[PDB]
Amino acid sequence: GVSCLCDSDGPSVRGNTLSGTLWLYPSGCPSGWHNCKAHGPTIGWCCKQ
């Protein structure tokens with residue numbers, strides 16, 4: 001799958017590395033996921049299950 005930095009990624013904190021998942025879907029997060037990026041990217045989207 002394709003991961004991306006969540007709002008919780010960047011700093012050195014537990015769970016680090018790009019652990020979320022990006023959705024190319026026009027609204028990002030699919031029903032069954034949650035959300036993990038209130039913003040970036042500016043094309044597709046970034047969420048987490």
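If you check the header, you will see the structure was determined by solution NMR.
In case you wondered, yes, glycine gets a Cβ from its N, Cα and C as well.
Annotated in Swiss-Prot:
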type	residues	note
DISULFID	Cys4-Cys46	disulfide bond
DISULFID	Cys6-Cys36	disulfide bond
DISULFID	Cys29-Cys47	disulfide bond
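Overlay of Swiss-Prot feature records on the structure.
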{"residue": "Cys4", "record": "disulfide bond", "Cβ within 10 Å": "20"}
{"residue": "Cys6", "record": "disulfide bond", "Cβ within 10 Å": "21"}
{"residue": "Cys29", "record": "disulfide bond", "Cβ within 10 Å": "19"}
{"residue": "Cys36", "record": "disulfide bond", "Cβ within 10 Å": "22"}
{"residue": "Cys46", "record": "disulfide bond", "Cβ within 10 Å": "25"}
{"residue": "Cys47", "record": "disulfide bond", "Cβ within 10 Å": "20"}
Disulfide-bonded residues near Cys6 (disulfide bond), in sequence order, restricted to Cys29, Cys46, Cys47 and a 10 Å Cα cut-off: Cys46, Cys47
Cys29 (disulfide bond) to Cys36 (disulfide bond) - Cα separation in whole Å: 9
Distance [Cα-Cα, Å, rounded] between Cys4 (disulfide bond) and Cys47 (disulfide bond): 8
Distance, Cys36 (disulfide bond) to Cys47 (disulfide bond) (CA atoms, angstrom): 4
